[PDB]
């Protein structure tokens, strides 16, 4: 399925003794090793399936997975099924390490009205059990041994020969993004290639590193994810979630009637709002919200896709910096004031207005107007609203485009939640949107085609990102095919240490 012919050789396990060094120097943390890291999760689960009794605790955990995705109308029926499979005195798969005391509390919260995070405490205590003896036993096992081999692979050098590069997907001041493919696994990504020459000439180091490190640590369904970072002779590359559906600028202006139906604009706004929330949760200010930085995936969901201008603000501090794009810079930025998260709500106002109207609020579409004058309109004029806005669209745009940062919607104690409560979004179910369970109102046509250096370079090129790399191995069935053990209760050669 797009894999090279030698992929099994490329991904050949190392012998287990070559992982001696890893064994000594890996934090032996349950949540990370048996839940968060996806290959570690599967291996810990495999191990459990060989110990009489533990497959109950995992079956239960899967049953709750299914519950947390179950709708409200059927939350009761499913809650009752789980109760009489796993938790009662008489249940067939009784789990004893969840208190009867907690069973009691949970029955009472149940018979009232089922609350999506109902088994909050029961899942917790289950993990409290699994992290003791079972986990420590897992560490003794063949199955962790195998995890270390997977980890070994995860850390192998990444170079341009790990990938193949195809069509250009997008372009910018500092380089271009192409569709690329991992040779060994066939998985598709987008490779953002930044010429070393341009970075140095423009002193773009900070921006490049900021972007890499922020994409590395953010994990949001509304922001492109980072899977690899590496260097070539002439470039620095980021391998990112592939977004094949075009950017919002294109979609806005690709019609008689530039501008969307409110339904659709609402929807994008909500997803972008969530994206902003995820970044703010980490104290990142984005600073460059504009339609060309939002892209669609194949299903019509969006992600914030460029973070060159984003920056981490230490807790309890403000930053200075007159950066951004003309027409999308907030007054406090244009005035070179110190600011925090506020400019992003300004940008969100700009995006909603433009999605509805088909034009920046301070700038006609294809209007010959100079930077100086746009900046002037941003600071000195109020924006106008046409017949195209419902009252609630108008309301939210004005509230987000309040010139004073301190008084602007989204910049109070509730943060983003205040924006989610605005009537404009009165129909939108955010919990489901945040869980990826709302279908978008438009699916894109797949038929369209739209010295101090060296130090910086080593900090940039860290290789594979652990969790994305493991998901890749699973998703592409490299895990399933290669994760084989010795036959009939023995060790495979890669695991024998007499070798």
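Numbering follows the first chain given and starts at 1.
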Seminar exercise, completed: For the neighbouring pair residue 457 and residue 458, the stretch of deposited sequence with no coordinates amounts to none
Seminar exercise, completed: Comparing 315-323 with 205-213, the higher average Cα temperature factor in the PDB entry belongs to 315-323
For this session: For the higher mean C-alpha B factor in the entry, choose 459-467 or 437-445.
Result: 437-445
Exercise. Among 132, 415, 308, 349, which residue carries the highest C-alpha B-factor recorded in the PDB entry?
Worked result: 132
Exercise. For the listed residues 271, 332, 101, 277, which one has the largest C-alpha B-factor as given in the deposited model?
Worked result: 101
Seminar exercise, completed: Here the Cα B-factor of residue 68, set against its chain, lands in the third termed highest
Seminar exercise, completed: In terms of its chain's C-alpha B-factors, the third that includes residue 453 is the highest
Problem set entry | For residue 160, the third of its chain into which the C-alpha B factor falls | middle
Problem set entry | CA B-factor ranking of residue 337, expressed as a third of its chain | middle
For this session: For residue 472, return the chain-relative third of its C-alpha B-factor as stated in the PDB record: lowest, middle or highest.
Result: lowest
